């Protein structure tokens, strides 16, 4: 007879309610299982009724894969899930945190920190729209963004994924959501999930909650703060995400006052779902439930019980799915975990799938391939790159002639530094590889390239990654541009207690600037000890992690556009002041939030 859930002309809730009514137990749990593509197989996916797949940092089908290949891969997996008795389509998620950053040839936009310096939430909304197209260009329908953490201690290896330390800023920046998912209807209820169609993608606000408040900025650690401070600092943006209709929420690895977020039934269920009235689905993090115990995985049986009862709807296993499903099947068979729970988690996972119309467009659109790396997107990124640069210094002394903007016509000029011609570096973490990489890892334009493509044909550009004083003073240069800074990092692998850039860097800035007037470009995902650099430089620019369009940098350096960006974070004097944020008593910055020197165009 007539199968309601299959009829597209029917209401979302009606269809969810109808399908859930036909589901066994194995299928309901299947919908709650998300696994790495690495352990996925048509059989596995079909036999275990897998409801979702993902790709961790660098989990690509083939290094250098085209968009078609990706689509084919995803389509391969979907073909399998569609063959289940009920034919429930799977949702493929990936970390498209600053473009479809895992794909080769994908436009790599500035990381969050840099975007916050722009204060242009509309620019961010356009980035989300772009990223939507490029993630859909590869057949994927779910991006694990935006990360709306409010980094409070730059020693945290994930600070670059935080728009600001000022929640107000992080809120205005949730505009990425409507960009990735499309805008929500006038009526729209705050908390209901939403996605416009096959040209948009489901978004994920992460990581609930207080991931940017751990002690010392130790990744995944504990956040010791009172409910009020937690609610007015780290909680706010989420409220915004509810109104903008965010589709999902990933839970943080970090604990609050000693309690693992994955086990926090009060915040996850009581506050997020019950109070904020979140109707989309909640997903764990990579082995996030295993990390509830200590050691991790020491009692997976507890992790399922504790996490599922806490209120989580989907688990990112992402490898030992057989265990996860066996363990959960048991708990339900034992009455330990009530079916109402499973019913709820599935109800949410489904509601989101019908809403985005996954049941109507489960397969890719080869027409969408072209989107990947589209020039218009690169221009957009280029714009954001320029707008995110924050001028800290521009003249060794009050009386000096402003170094920037530099002339495009000069006899001979010098570009140097470790980050000068290193695409991987200017891109930073989460680029091609999980930890990011060094060198020409994708399609882009390094700073050097931009420069050679901006100066007058009669301007001799000489490159020297790390020259000595002697070389510079004898070069006959009119000026030099040195780029240095941090190296690509991601999560824990990036926590830093000394926060001083790697060498050589300062040695190079000092060697070059001591030989000729210089403009120093600092590549970093956060504020770092900068006095030494500022001291040796005539002008110094904080470019954070610009991404693939180096021209964004040179656009400012040569005055085609003037610096407008302003510090999204507080720049410290020494790392022992930390934590130190706007509003604190001992607030003794080296550069307050909002600081940013400027210049004018043409």
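Numbering follows the first chain given and starts at 1.
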property	result
Mean Cα B-factor comparison, 13-21 or 584-592, giving the higher one as deposited	584-592
Mean temperature factor over C-alpha atoms, higher-scoring stretch between 102-110 and 487-495	487-495
Among 429, 297, 318, 439 - the residue whose C-alpha B-factor is largest in the record	297
Identity of residue with top Cα B-factor, from 385, 462, 391, 368	368
Modelled-residue ranking by C-alpha temperature factor, third containing residue 446	lowest
Assigned third (lowest, middle, highest) for the C-alpha B factor of residue 574	highest
Third of chain Cα B-factors occupied by residue 230	highest
Chain-wide C-alpha B factor ranking for residue 378, given as lowest, middle or highest third	lowest
Record-listed C-alpha B factor of residue 258: chain third	highest
